[PDB]
Structure formats: C-alpha cells, structure tokens
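Q: part one of the complex, left exactly where it sits:
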Amino acid sequence: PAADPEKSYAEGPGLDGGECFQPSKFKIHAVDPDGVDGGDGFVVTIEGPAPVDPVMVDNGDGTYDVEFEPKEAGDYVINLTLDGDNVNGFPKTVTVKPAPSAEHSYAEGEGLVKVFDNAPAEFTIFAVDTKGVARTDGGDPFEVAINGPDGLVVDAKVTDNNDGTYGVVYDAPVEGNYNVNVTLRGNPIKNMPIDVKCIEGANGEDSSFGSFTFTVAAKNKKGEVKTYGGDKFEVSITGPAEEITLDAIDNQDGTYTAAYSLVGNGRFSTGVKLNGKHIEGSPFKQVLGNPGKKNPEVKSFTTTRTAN
C-alpha cells in the first residue's frame, strides 16, 4: 500500500495566507485510498518574490510536517508532488502579507492628549509595515493596556477597521493620570507608553446661565457719547422668576450697566430708560427655559432698579 497521489490531501495554517517573518506550516496526510507509515514520495517547491528553501520535516505515521518562512513579499506558488504527480491539492497559491512594525506605527487622537471624566476618550492606532508603507488591511495583533489613577485597570475596546487602522475607546471616570501602552507582539509601539491627563468634565446639557450684563452708551443732544454719568437710569425686567437679582449701575463715565441673575421658564421683556425715555430698541424680548414645565403658582412680576 504505496501512495495515492489523489485521495491523499494536505492542509494547514500557512497554505491559506502569510506574513513577512512568521513561520508557515502545513501537514500532509498520505492515503492509498484510506489510512496511511513513512514512505517518502512527496516534495515541495516554493517560488515567489524571493527564494524560499522549505523544510519537509516529514514522517512517523503517514503524516508530514512542512514549514517555510517567507522573507517579505506578496504571492507565493507552492507545488506538492508525489513521485512526480500532482497531489489532489495542487498547484496552489498563497499570498503573503507584509509585516507590521513595532516603531513604524503610531497613535493619534484626543485620547492621548486630554480626557474628560464624563465623556469617552478616543484615538486611532496606525499600522505601518516593515519597510515603511502603511498597512492596507487588518488581522494584526495590537494590544492596549490602560492603567489610570490609583493604578486600576481600564478596559479599552479595540475595533479592527479593516485597513491598517484600529479604533480605540475607553472611559476615565476619575480625574487622574492614565498610562496608555499600545504594544505590538508584546513590544511598545511608537512612543508607547505615554501619560494622559483626565480632568473634571463640564456637563453641557445640565449647565446653567448664571448672570447677565448689558451696557448702554448714553448719547447727548449733539449725538456724541457723554463722558460722565448723572442721568436717571432705570432697568425694568418683566416675567416669571423663581429667582431674580437686578442691578442698575451708573459707571460714572458716560455708560450705565445692568447686572442681573434671572432664572425661570418663559419669554422675557426688559424695559430700559435713560431720563424717562426708552433707548433705541426698548424693551427687548428674549426667552430662557421653556413656558411648559413652568410652575402654575407663579406670578409674572416686574422688578425695577434705578440709578442716581
């Protein structure tokens, strides 16, 4: 029970793709039709954008272990013959891919710059190959360890963007320092690791208008800006206000100022007089909050302040 060319396959990781300095293994399974223990007709040759002498470490039972490691290139032909016959696998062609580079690959994003404690930090890893070019696709094993305040671990989420890019996300609940180490093949890649600062983070949507100020520039009978004060200055705000505080100030230099902290739900109208006459565009209307969720047991009063 000498061999069969045909009913005897071959299989393995490495007759399916490749990588620049990584070993490419596969296994021959000799059959007659069925079964097997160490006859020796098989022979492998590999031509491609290099030379490649492949080892056929061979036999025991009717199996054979072949390995070759491509030295950086794309497509390789593999011919598997049995006593000068084509095994029921071949000829067959694999495509070897370049190899990513530990310090030819970097990361950018606001995630390695400056992080708030109430919004997710982002950034991208950039995959370069051995030579210099940038990786087309993915399947490269990059890793991301995050160690923040109080040493504690932070679980980053790496997303294979199928190009030679991977997206990174993480949450930094506490203000503190965060060490972000991004290794390739367990080797800290471009300028990795690196500290990152996270600070307390304003929360827009729940954030409040405090105070307001508007200034008038008093005009005299000539049509020029006055240069001292002295005029009667009255500011009237009218609306619904769980709270108010208003100010009518004579900045004693030609101008008058109103300073007020107003809070409520609705639309508002402020009357402004200089010597008992409205200024150009008084009153003026505006709106803060929402006239809905607004209280019922609210009046709509009129606050007044006057200056000497």
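A: Received, thanks. Numbering: from 1, shown residues only, chains lettered A, B, ... in the order given.

Q: contacts and neighbour counts: CA atoms only from here.
A: Noted.

Q: ok, now which ones touch the residue nearest the centre of chain A?
A: Nearest to the geometric centre of chain A sits residue A:122, at 2.7 Å (CA atoms, centre = their mean). Each residue near residue A:122 by CA atoms under 8 Å, 6 or more residues apart in numbering is listed here: A:109-111, A:167-170.

Q: again, only using 7 Å
A: A:109-111, A:168-170 (CA atoms under 7 Å, 6 or more residues apart in numbering).

Q: from residue A:184, how far out is it?
A: Distance, residue A:122 to residue A:184, by CA to CA, to the nearest Å: 19 Å.

Q: repeat that for residue A:231.
A: 74 Å.

Q: just to revisit the earlier point, partners of whichever strand or helix holds the residue nearest to the centre of chain A in the sheet?
A: For residue A:122, the host element (DSSP states H and E) is strand A:121-126. The pairing partners recorded for strand A:121-126 under DSSP bridges are strand A:106-108 (antiparallel), strand A:165-170 (antiparallel).

Q: tell me the most buried of those strands?
A: Mean neighbour count (mean count of other CA atoms under 10 Å) peaks for strand A:165-170 among those, with a mean of 18.

Q: check which element follows that strand along the chain.
A: Sequence-wise, the next helix or strand downstream of strand A:165-170 (DSSP H and E) is strand A:176-181.

Q: other residues contacting that following strand?
A: Contacts for strand A:176-181 (CA under 7 Å, 6+ apart): A:144-149, A:188, A:192-199.

Q: what's the answer for stretch A:284-298, then?
A: Residues contacting stretch A:284-298 (CA under 7 Å, 6+ apart): A:240, A:264-271.

Q: next one: stretch A:209-224
A: Contacts for stretch A:209-224 (CA under 7 Å, 6+ apart): A:225-226, A:254-262.

Q: among the residues you listed, which one has the most neighbours?
A: Within the contacts of stretch A:209-224, neighbour counts (other CA atoms under 10 Å) peak at residue A:256, which reaches 23 neighbours.

Q: that older thread, for the strands paired with strand A:121-126, give me a markdown table that also has distance to residue A:204.
A: Below are these laid out as a markdown table (distance: least, CA to CA, whole Å):
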| stretch | distance to residue A:204 |
| --- | --- |
| strand A:106-108 | 26 |
| strand A:165-170 | 20 |
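
Q: nearest to residue A:70, out of those?
A: strand A:165-170 (24.1 Å; CA to CA).

Q: here's chain B, drop it on:
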Amino acid sequence: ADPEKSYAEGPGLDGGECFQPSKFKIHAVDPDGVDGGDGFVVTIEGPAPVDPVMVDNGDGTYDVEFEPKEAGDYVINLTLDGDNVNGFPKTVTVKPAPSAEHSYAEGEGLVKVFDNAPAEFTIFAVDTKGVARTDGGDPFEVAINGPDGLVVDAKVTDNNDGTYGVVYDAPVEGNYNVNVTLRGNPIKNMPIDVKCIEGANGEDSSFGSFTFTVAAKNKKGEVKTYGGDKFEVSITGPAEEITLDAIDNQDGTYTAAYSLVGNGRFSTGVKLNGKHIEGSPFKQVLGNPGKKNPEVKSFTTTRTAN
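A: So that you can see how it sits with the rest, here is chain B on the chains above:
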C-alpha cells in the same frame, strides 16, 4: 351835589391786600358837574378798626385812602350829609399779604438740571402770618442767569391755589443763578445756585456690549472649580457690526462678551462640550427688521474657548 347822581371809583374799592394802600376817588355831580363844598364821609367797618384818610379836593373830586391792617372782609359806607351815595355801602375782601421771608420754592429744577430737558419747580406763597396763601394774584418774579452771563426767561404759571409753577431751559452745562422775588425782596433761601449737567438723550441711546456667564457643572450635579472644557459661542442674525469673546475664567465659569449692531431677530448657541446648556439657544430681538439694510443676509459669528 347829590347822593344818587354822584359816584366813586378806583382800585381798592374792588379788592384788597394787607399792608397795601386802598385807594378810591369820589366824583361829585349835580346832575353832571361837581367845587369842593364838603359833605362826604367815610367809615370802614371790619375785623379790625380802620381810619380812612379823606383828602378833600380842588375840583369836585375826592381822594380817599385807608390801608387794611388785619384781614378778611370790610364794609365801606359813604353818606353825603348823612345819605348813602349811589354805590354804598360796599363790600371788599382784603386777602392776606404774601411774605418774602416765609414763601419758599421746591422742585428738582432748584436741585439738579439737565442741558437737554426743561427744568421745573414750584413757588409756595406764604402770608405774613406764616400761613400758606390760599389763592393767587401775587406778584412773584423769577430772574435766572446762565453761564456766560446769559439770561434765561422762566415761565411762571399761577396755580389758582397759592402756588405758581415755573419752567426754564438751562441749555448749556455750568451754573444757573435762580432768584425768585416778591416786590423786590428775594424769598426764603434765594438766590440759589443750581448745577446743570449734560443730559443723556434716552430715545437716541442704545446698547454697546453684552455679557453672560455660565456656571459649568460636572456629572455629580456639583459646580466645577476650574476650566479645561471646550466652550463655544455662536451668534446668528442680520449683524451690521459685531465682536465676540469666549473666556474661560479658569474657575469653572465661562463668559461671553459681545457687541452687536443689527436689525432683526437673533439667537445665540452656547456649547459646553458640543452640548447646548440649559437654555441654548436664547433668542433676543434688536433693531427694527423693516428698516435694516435691504441686503443684510443673516450669518453666523462663532468663537471657541479651547
């Protein structure tokens, strides 16, 4: 002469004052004539006793004076040989005499005046007894001098109650000597120096700048105590001129200071990290939309902090 056809006339037999001379003249007729005889007699009955001085005449006229000393109502008899003359007895009301040491003036036009508005005060006539005059017909006068020895005419009105309203124009800044008089004597606290100042013209004035300041809060519901946050300010509208500024007061407060000149309706977006605040946007209205430039197409002015 005869009682019926001869008649008296004059000021003082028509009304009176206190410490003013009441004067009237008698015309003896026969019918139609007169030269002296005598026959005429006068006595005043009143709240106080009075002695009329009658100056008998050249031609058939008489001159009688009698000034009323205390005041109200006085009766004037006029017999001729014991025979009421054809208008008698008569009734005259002496009113109290205004005093220049007890009448006084008040109004903001004695305090502080603007060069762009009429100044006003009131006179309060007080009588010689220190009782507020009741009614008018008092000859109070007003002399105002302005700053280059200019002359301001004041317009005095007679409130028909013992007071008199006054208005004047102090058209230039400087000082204004206000002097109110009564038959030549300055009333109490006169004259007075009044400072007039340059007046603001409200209807022609407007807004220069604007500011508002948000208290940033974190997630734990508290207020922050420093900055760091991206704070963005955006103004949309028909802006004819504008300047904006987003400021981190680096204490967890942010400020927007802007100067807007425009003719329409405006809204303003305020983002504490790419997320509108508890009112953003707030809409204000400025300048009449109908008068603006026929082409000012509203746009967006944006300014960012961090």
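
Q: same question on the contacts of stretch A:209-224, but now with chain B added
A: A:225-226, A:254-262, B:116, B:198-201, B:204-215 (CA atoms under 7 Å, 6 or more residues apart in numbering or on different chains).

Q: who's in contact with residue A:20?
A: A:70-73, A:97-99.

Q: buried sites along stretch A:113-128?
A: A:115-118, A:121-128 (16 or more other CA atoms under 10 Å in any protein chain shown).

Q: quick one, phi psi at the closest residue to residue A:104 other than its chain neighbours?
A: Leaving aside its sequence neighbours, residue A:104 sits nearest to residue A:128 (CA to CA, 6 or more residues apart in numbering or on different chains; 5.7 Å). In terms of degrees, to the nearest 10, the main-chain angles of residue A:128 are phi -110, psi 160.

Q: with residue A:110 instead?
A: phi -60, psi -10.

Q: burial count for it?
A: Residue A:110 has 12 neighbours, counted by other CA atoms under 10 Å in any protein chain shown.

Q: residue A:183 touches residue A:189, doesn't it?
A: Yes - the criterion here is CA atoms under 7 Å, and residue A:183 meets it with residue A:189 at 5.2 Å.

Q: for chain A, which residues are neighbours of chain B?
A: Within chain A, the positions near chain B by CA under 7 Å from any CA of the partner chain are A:118, A:200-221, A:231, A:273-275, A:277-281, A:284-289.

Q: of residue A:183 and residue A:189, which one has the most company?
A: Neighbour totals were compared for residue A:183 and residue A:189, and residue A:189 leads with 23 against 19 (other CA under 10 Å).

Q: so what's the more buried one up against?
A: Residue A:189 is in contact with A:102-103, A:105-106, A:182-183, counting by CA under 7 Å, 6+ apart.

Q: between those, which is closest to chain B?
A: residue A:106 (25.0 Å; CA to the nearest CA).

Q: host element of the closest residue to residue A:253 other than its chain neighbours?
A: Among residues not flanking residue A:253 along the chain, residue A:228 sits closest, at 4.0 Å (CA to CA, 6+ apart). Using DSSP H and E, residue A:228 maps to neither a helix nor a strand.

Q: is it true that the residue nearest to residue A:104 touches residue A:99?
A: No - judged on CA under 7 Å, residue A:128 makes no contact with residue A:99 at a distance of 8.2 Å.

Q: what are the phi and psi angles of residue A:112?
A: phi -100, psi 10.

Q: turn the contacts of residue A:20 into TSV, including neighbour count.
A: Listed next are these as TSV, based on neighbours: other CA atoms under 10 Å in any protein chain shown:
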residue	neighbour count
A:70	27
A:71	19
A:72	19
A:73	17
A:97	20
A:98	23
A:99	21
